[PDB]
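So the sequence shown is numbered by the deposited numbering: it starts at 1 and just counts up by one.
In this text, a Cβ means the ideal position worked out from N, Cα and C, and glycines have one as well.
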Amino acid sequence: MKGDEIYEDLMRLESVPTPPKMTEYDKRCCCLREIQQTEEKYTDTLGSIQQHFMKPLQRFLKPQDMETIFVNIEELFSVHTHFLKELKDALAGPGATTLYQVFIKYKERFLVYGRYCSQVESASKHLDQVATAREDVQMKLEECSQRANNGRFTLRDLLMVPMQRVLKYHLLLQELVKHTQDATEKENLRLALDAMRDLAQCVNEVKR
Numbered sequence: 001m002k003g004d005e006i007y008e009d010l011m012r013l014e015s016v017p018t019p020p021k022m023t024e025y026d027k028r029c030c031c032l033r034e035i036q037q038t039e040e041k042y043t044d045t046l047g048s049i050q051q052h053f054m055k056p057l058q059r060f061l062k063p064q065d066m067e068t069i070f071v072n073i074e075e076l077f078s079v080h081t082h083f084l085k086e087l088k089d090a091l092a093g094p095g096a097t098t099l100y101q102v103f104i105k106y107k108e109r110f111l112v113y114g115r116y117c118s119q120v121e122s123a124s125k126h127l128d129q130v131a132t133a134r135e136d137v138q139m140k141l142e143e144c145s146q147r148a149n150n151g152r153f154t155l156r157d158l159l160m161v162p163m164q165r166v167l168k169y170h171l172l173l174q175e176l177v178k179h180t181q182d183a184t185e186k187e188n189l190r191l192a193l194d195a196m197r198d199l200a201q202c203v204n205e206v207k208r
């Protein structure tokens with residue numbers, strides 16, 4: 001809901017330079033290519049939190065608490081980088097319709113979003129206090145994030161981003177099945193929905 005607005009600005013998307021015929025607005029048709037394209041750029045920033053952040057961040061934020069701030073960004077960076085590594089061969093592969101195989105077995109990690117949103121929801125909340133608490137941190141996140149987004153969606157808004165992914169995932173995937181007149185795709189692609197959609201109810205249902 002709110003996270004959607006993030007990806008828009010967080011990544012070169014919201015702004016669409018209208019050229020002589022053909023415009024990003026066509027994304028509605030490129031949706032598929034968008035799944036990988038959008039993920040790509042995001043991956044660049046997704047991994048940025050790995051080194052270009054945690055290291056400089058530790059300069060102020062305690063080591064013990066630091067584990068709660070970022071959470072599992074490290075292993076989470078794979079879910080993004082690896083995801084594209086699959087779609088690449090899945091899309092260009094003998095049959096794009098097989099993309100499902102990439103969505104059916106990814107639950108393992110896509111589920112991470114669950115426990116992730118459990119410490120995250122508490123982590124992002126901590127930053128709000130931490131930053132305001134230690135000025136040394138407030139200014140840090142500003143510059144440290146300058147590499148990703150000058151205090152626009154830093155951590156507090158970042159770790160929360162993926163919370164919309166898993167959701168829009170199956171959702172977007174539906175836009176295709178409903179607008180994909182193929183032989184196996186229109187069908188098999190549906191199988192991916194059942195799986196992905198299966199998380200939306202597990203991810204948004206943690207304990208209580």
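At least 8 Å separates the beta-carbon of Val161 from that of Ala123. The beta carbons of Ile49 and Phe153 sit no closer together than 8 Å. Taking C-beta atoms as the reference points, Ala96 and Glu185 count as a pair closer than 8 Å. A distance below 8 Å between beta-carbons, with the five flanking residues on each side excluded, links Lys140 to the following residues of its chain, in chain order: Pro56, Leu57, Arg59, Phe60.
By the criterion of a C-beta distance shorter than 6 Å, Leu46 is surrounded in its chain by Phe77, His80, once the five residues flanking it on both sides are discounted. In this structure, the beta-carbon distance from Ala192 to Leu173 falls below 8 Å.
Segment contact: the stretch 104–114 against the stretch 189–203, three or more CB-CB distances shorter than 8 Å; contact assigned. Burial is judged here by how many other beta carbons sit within 10 angstroms of a residue's own beta carbon; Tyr116 has at least 16 and is buried. Rounded to the nearest angstrom, the gap between the Cα atoms of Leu167 and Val137 is 32 Å.
Per DSSP, the continuous alpha helix (DSSP H) segment holding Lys88 begins and ends at 73–92.
Just so you know, the alpha carbons of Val206 and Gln119 end up roughly 11 Å apart. The C-alpha of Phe83 lies about 22 Å from the C-alpha of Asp9. Ranked by Cα distance from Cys202, the first of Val102, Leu111, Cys29 is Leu111. Under the 10 Å beta carbon count, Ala183 is surrounded by fewer than 16 other beta carbons and is classified as exposed. Per DSSP, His179 lies in no alpha helix (DSSP H) and is assigned neither H nor E. Between the beta-carbon of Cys31 and that of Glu175 there is about 5 Å, and that keeps the pair under the 8 Å contact cut. In terms of CA proximity to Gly3, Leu158 leads the group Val177, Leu158, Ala200. Counting every other CB atom within 10 Å of its CB across the protein chains shown gives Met1 a total below 16, marking it as exposed. Under the three-state reduction of DSSP, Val120 is assigned to helix. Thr23 counts as exposed, since fewer than 16 other C-beta atoms from the protein chains shown sit within 10 angstroms of its C-beta. In this chain, the alpha helix (DSSP H) harbouring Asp136 covers 135–144.
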